[PDB]
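Alright, two takes on the same chain below, each alone as structure tokens: structure 1 and structure 2.
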Structure 1
């Protein structure tokens, strides 16, 4: 029981820190040393990380983000059992790949918001909304939602490449500056980090949350229940997906026996105060 690598886009995203922690504590119990690297969405960084597996510095790798699927596939095919992909909205041939139903969860969350009476929506993404991007199952869900309700997408209320609370502060400051009749009713943030920042700037401008603008988080990160306006958010089952990923790696490594069990990884809407 050797060295395992975990790859994520950004360790200061509490979702990824928490996912790492749950994987690492289990793998550690099994005798492995686990190390994490971050990519900042650079395919070169992914490729460099994978060279560690190719050179057998690592026994195995868990990727919780993927930049170049075809590159990951070639490595997985050369190293059967040693590459696991978790929650990256992709199935990589040659790697056991765990996908969660983010499209569904996003539709469900948007539906919740529509049902509270909201009609003018702002949509925030960590990707470039116009092109191919991470979190595009979610973007499609948003577009499908709007079409299903015959809601015109306001291009001025779309915000791409927004990741952090500080970036969310900038979004929220812009939204707070708007005249009530062009202000959104609700903001789908795609991230609890972003949501905390958005809400802070709204509140600083005496915009009421949720009465004036409802704010939907994503992930149910550790700080979410503790936020100034406790976050309504989409809960990701961090502990369960970590256990699943870990097991699929350990099985591939010949460590663990197959289980008949297969608990399903569920996203759930967590209603608090912000929406």
Structure 2
């Protein structure tokens, strides 16, 4: 009797944080398409637990999932080893890293960050605050936007102000703290523009600036990132970089379903959405 491996009908999707509306939207878009194809979905989050990635991968290795889509990566080499044992079954999307053995979709965030910063320079801005959810320094993956910022400053012969760099800032509440610090500065030490890397962060930064009677954008311009659902509804509607959630979700899910043998074989752009905040 020849016994062939039987599909579980379960797929894992990993995000950093589901209370980040960008990740919620990306998750929804992927999960609904998987669901429509008859799959159930395991979700995990890594924002407060790097170990969550290994636990997630163990579910694939132990044959409880048919495949996984990762929208964030902790340890590329660990994901790689799993991908090589599970060809066609590991897909990485929008994680600012390419994983050998896994179909990896990398979006042009270096380019988008350069373009957004050039937009700000062209509006007359010269002193820049830069906020990131990652660290300011490091040789690890996930640094494309920070390198774009540094390269931008070099190209326009602008000196980086180390006091205007804010690392490990992810949420609106953390943004409020950044904004309060910026509003505290003497007009001549204050940044002209803030690159927030997050619409959640931007909403918080703006709230604190306005609370201190600092005008946005007239005194300080604030650039968001993602074009999240609340962005057009913000107190100062957000100028922001638009992530193509629906298109990247469709691409990632297609790559996985092709790998699982369910679909037959058949460019993702970041753009700048201009509103009021910058």
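Residue numbers count along the first chain shown, from 1. Here the rigid core means the biggest group of C-alpha atoms that line up within 1.5 Å when the two forms are laid on top of each other.
Student: Align on the core first; then indicate which of 82, 120, 133, 107 has a CA shift of 2 angstroms or more between structures 1 and 2.
Tutor: Comparing the C-alpha positions, the one residue that moves 2 Å or more is 133.
Student: C-alpha of residue 43: shift of 2 angstroms or more between structures 1 and 2, rigid core aligned?
Tutor: Comparing forms between structures 1 and 2, the residue 43 CA shifts at least 2 Å.
Student: Could you state, for a rigid core superposition, the Cα shift of residue 9 between structures 1 and 2 in Å?
Tutor: Looking at the C-alpha of residue 9 between structures 1 and 2, the offset is 1.3 Å.
Student: Looking at residue 202, what is the CA displacement between structures 1 and 2 after core superposition, in angstrom?
Tutor: Its C-alpha moves by 0.3 Å once the cores are overlaid.
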